[PDB]
Structures are given as structure tokens and as C-alpha cells.
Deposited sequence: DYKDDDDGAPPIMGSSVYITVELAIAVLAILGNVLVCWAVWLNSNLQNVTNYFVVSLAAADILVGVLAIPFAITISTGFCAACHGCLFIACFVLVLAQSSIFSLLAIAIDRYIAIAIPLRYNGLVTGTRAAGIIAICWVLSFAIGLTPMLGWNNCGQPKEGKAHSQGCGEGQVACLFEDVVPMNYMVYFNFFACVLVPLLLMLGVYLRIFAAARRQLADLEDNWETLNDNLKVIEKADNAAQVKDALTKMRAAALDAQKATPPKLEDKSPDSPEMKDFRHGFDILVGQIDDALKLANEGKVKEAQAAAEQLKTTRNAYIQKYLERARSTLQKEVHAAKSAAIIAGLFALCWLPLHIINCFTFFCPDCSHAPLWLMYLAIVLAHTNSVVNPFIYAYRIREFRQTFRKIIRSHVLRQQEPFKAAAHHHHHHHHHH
């Protein structure tokens, strides 16, 4: 029975999570500071997220331990301790959203990316995100709370003084706030937007790669049309497709060799010289094996690197959802099913631990998925 025993377990697990969350995320921040190849806008959002995770370990976890005792407290002081973690969760959602959008600009408008997405603007965005996060997570302190209807028997039983409550999460934070405002509007909607941004990212990477492959089969389909053609009207036709395809590819060092050759051969076809156009078009086979093939596979290789980075970002966002959704779903049962008995305490505490674990996991993702983080991690440790 002794509540101190079950409490001892919950506390030592929370403290273990805290140590890990602080250590791992301190290493992320140190790595970005030391390695100028990690100083890019994407990674300022990683740092902001790492800073939220550090604060989970230093403040949210000590707060959660404190609030699990039900200690007597002025109700608004209780709300701050109860709600501060909602600030950190929101800040995380905003950083994750920013990363998604960053990776989308990078892949869908590489033209204007560096031009549109700068480091001083990113800092301004992060500041605004933290301010909003405070405003959302501390909204119960503006009056959307249960401080005006305190549980007087619980306060008396605990020996609390005048104008104090027993400080327990569900006693002071209204469940309509947690479900409608925090979960549906501030968590769920952003996560679905994120899901939409990632669907768009992977679709765009796919269309771009089909195109590269498409333009490439066209240059080749047409080069066999030319080589087996009989009428001259055909050479013109097939070589005309190579040109257009040659420019899309250029857009999508020595393409001007390729286009110059098509142009040479084109003029021959129009002047009725089929055998010499066919032979001139044959030069196109060399410049392809020396240049055009080169654009192709490096473009393929850069594209795949961006998809890889986007996958890494999506995993981090998926793991956030996974760690936090159970608590939100429990709150939905509590709120929407009064006829149901309340989820038991051991499960409440498992869901809280699970959410806190999220703050440990990201450094491992970085280390296993991003070579530059991993290399920087290994150097720091020596």
C-alpha cells in the first residue's frame, strides 16, 4: 500500500529520463556551436527543440514530480507548475512545424530558398514561437482554470492553509481546455498540417525524379529514331524533341555542347542532308557519356540526399506524436466519457513518463541518421 513505494519508482524513472534528456540535448547544442557545417537554418530549429528538451529535464520533470504529491499551494502558483510543460510541448510543435516547412522550401523552391530563408529571420521566427508557446500553454493562468471552484475537502484533508488548494493537475486545469484548446486546436491540427507538408515533400521529390528520368529516356528514344530514320522530316522531328528535353533538364557546365550539336544537326536536316545529320547526331552519343549523364546522376544524388533529410525530420515528428498522443487520448476518455471509470493512476503515470521520454530520443536519431552530427558527436566525446 505505502504510496511512498510506488512513488519511489515513478520518481527515480523521471530523474533518469531527466539526466538523459539534459545530457543528450546538451550534446546537440554543443555540436551545432562547434561545427560550422551544422550552422544552418534547419539546425537553429533543431537547437530550439533541443532547448525545449533540456527544459523538460531541468524544469518540467521536477515540476511533474512536485505536482504528483498534491502539495498545498496557492492555486495560480499550482497552475504555473501544472502548465509549464504545455509551453515546452507547444514550442516543440512549432519547431517541428518550421522544420517541415524548411525542408519543403528547400525541395520545392531550391531557386529562392537561400534567398528566402535566412538565419536572422529564423531567429526572429523562433522568438515569436516561444512567445506564442508561453501564451498558449499558460492560458489557464488568464482565468480559464478551476481556481474559482476549489475542492475544499481535499484542501482540508491535506491540512492546506487558507486560500490554498491541493495542487493536482486535473483539479485545477479544466479538461475542456486540455481537449478542445490544447489537443484539437494546438496539437492535433499542427500535426496534421505537418503530415500534409511531408506528403507534399515526398510527392515533389518523386515528380522531380520521374522528370529527370523522363527527360533522359526522351533524349535516348529520340537518338534511335534519328539513327534508323528514312525520311528527313523525321530527323527534324526527333531531334526537335531532344532540344526541348535538353533545356528542361538543364533547368530541372557543358549542356551548350549538347545543344550546339543538336543545333548543328538540326540545320543539316532542314537542308536535306539526312546521312550527315544522322552521323552528326551520333556525336550526341559522346557528349552524353561525358556531360549529360553527369548532370543526371548528381541531380539524382542531391535529390536523394534531400529526401533522406526529410525522412529524418519526419521520424522526429512521428516520434513526438507517438510519445504524446496517449496522454491526450486519455484526457479525451476522461472528458468525453463521464460514465467511464477514470484511467488508473499507474497508467496516467506511464503516459506522463512516455511523453517525457520523447525528450531523450532525438539525439539518437541525429546520431544514427545525420553523418555530420554523428561525426561531431564522436569528436566531442574524446
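If you line the structure up with the deposited chain, the stretches without a C-alpha atom are 1 to 8, 261 to 279, 410 to 433.
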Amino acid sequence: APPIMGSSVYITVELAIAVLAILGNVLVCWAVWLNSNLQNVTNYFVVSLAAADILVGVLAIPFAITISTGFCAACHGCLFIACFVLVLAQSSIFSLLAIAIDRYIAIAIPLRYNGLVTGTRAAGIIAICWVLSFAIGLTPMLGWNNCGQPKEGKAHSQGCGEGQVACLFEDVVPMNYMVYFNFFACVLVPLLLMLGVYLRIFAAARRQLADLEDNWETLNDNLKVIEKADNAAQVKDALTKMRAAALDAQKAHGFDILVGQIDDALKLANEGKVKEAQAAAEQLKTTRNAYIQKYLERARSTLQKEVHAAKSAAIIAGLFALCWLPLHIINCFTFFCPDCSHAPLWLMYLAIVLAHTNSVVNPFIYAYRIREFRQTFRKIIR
From here on, numbers count along this sequence of modelled residues.
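We call the rigid core the largest set of C-alpha positions that still match within 1.5 Å between the two forms.
Superposing each structure in 9 other deposited structures of this protein on the rigid core shows that the farther-lying of 223 to 231 and 193 to 201, by root-mean-square Cα distance, is 223 to 231. With each structure aligned by its rigid core, the stretch whose Cα atoms sit farther from this model in 9 other deposited structures of this protein, between 237 to 245 and 176 to 184, is 237 to 245. Where the other entries of this protein model the residues before and after it, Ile257 is kept in all of them rather than dropped from a third. The PDB entry reports B-factors from which the mean C-alpha value can be compared for 175 to 183 and 277 to 285; the larger average falls on 277 to 285. Mean CA B-factor, 188 to 196 versus 107 to 115: the higher value falls on 107 to 115. Note on the listed residues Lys267, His76, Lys151, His308: the highest Cα temperature factor in the record is that of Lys267. As recorded in the PDB entry, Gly254 shows the highest C-alpha B-factor of the residues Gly254, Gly124, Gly137, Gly143. Ranked by C-alpha B-factor against the other modelled residues of its chain, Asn215 falls in the highest third. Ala205: CA B factor in the middle third of modelled residues in this chain (values from the PDB entry). Ranked by C-alpha B-factor against the other modelled residues of its chain, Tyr368 falls in the highest third.
Sorting the modelled residues of the chain by their CA temperature factor places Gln90 in the lowest third. Among all modelled residues in its chain, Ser312 ranks in the middle third by Cα B-factor.
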